[PDB]
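Quick setup: one chain, the form deposited in one PDB entry, written in structure tokens, and binding and motion questions come after.
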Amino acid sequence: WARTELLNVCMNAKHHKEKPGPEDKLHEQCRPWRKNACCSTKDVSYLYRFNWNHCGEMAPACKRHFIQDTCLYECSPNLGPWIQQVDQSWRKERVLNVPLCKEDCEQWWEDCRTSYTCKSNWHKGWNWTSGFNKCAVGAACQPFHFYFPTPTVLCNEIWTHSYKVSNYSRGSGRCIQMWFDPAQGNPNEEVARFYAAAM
């Protein structure tokens, strides 16, 4: 029998698994998840509550990945196998070692080369005085790859091991994609099913 508590599930604030639904208005730009989302019909969304421009303006090509990243985390109903019991430090669920596809990670790392940041663990240590995050005193802004010198360090460390970049590539059926064309189905559904069956 399928471990359905790990499939097509969203972890809610009372730490019960609930079903996804129609995507809410705030997440309209998370297009791939319009029909089936954990961000479904107050908010705690990194679509606007997080300062991407903490070290000057982030390049558009870089920010796009962070939107995809935000969308996956907030909307995906296919992260069940990686959802953890404790998530008190996270705005929604806590996931651990999500097998991000090789390309998603590598392209993310390359597209953010010309951007800047001041720390490698974006999950903690920000100064929230202004209502949004700024680099704390002592945290020097540097080129992106100064804090993330390899795709692995970026994807694995930026959100403290929310991802573990996979050696598998898109289409393998064995890694989670950060974005996709929903008209061609949702590729991460079979990936979730696969890991639920194996773990």
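Position 1 is the first residue in the sequence shown; the rest follow in order. Throughout, rigid core stands for the largest set of C-alpha atoms superposing within 1.5 Å between the two forms. Shifts are known only where both forms have a C-alpha.
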item	value
No coordinates for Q29 in a third or more of the other PDB entries	no
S130 not built in a third or more of the other entries	no
Chain break class at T41/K42 - deposited residues not modelled	4 to 9
Which of 52-60 and 167-175 has higher mean CA B factor, as the PDB entry lists it	167-175
Of 63-71 and 30-38, the one with larger mean CA B-factor	30-38
Among modelled residues of the same chain, the CA temperature factor third for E93	lowest
Third assignment of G138 from its chain's C-alpha B-factors	highest
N121 CA temperature factor, ranked by third within the chain	lowest
Third of chain Cα B-factors occupied by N78	lowest
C112 - which third its CA temperature factor falls in, relative to the rest of the chain	lowest
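Omitted here: the form deposited in another entry. The next part is about that form.
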query: Large Cα shift (2 Å or above) at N12 between this form and the one not shown, core-fitted; finding: yes
query: Large Cα move at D111 between this form and the one not shown, threshold 2 Å, rigid core; finding: no
query: Large Cα move at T129 between this form and the one not shown, threshold 2 Å, rigid core; finding: no
query: Residue ranges moving between this form and the one not shown (criterion: at least three consecutive CA positions shifted 2 angstroms or more, core aligned); finding: 12-17, 86-89
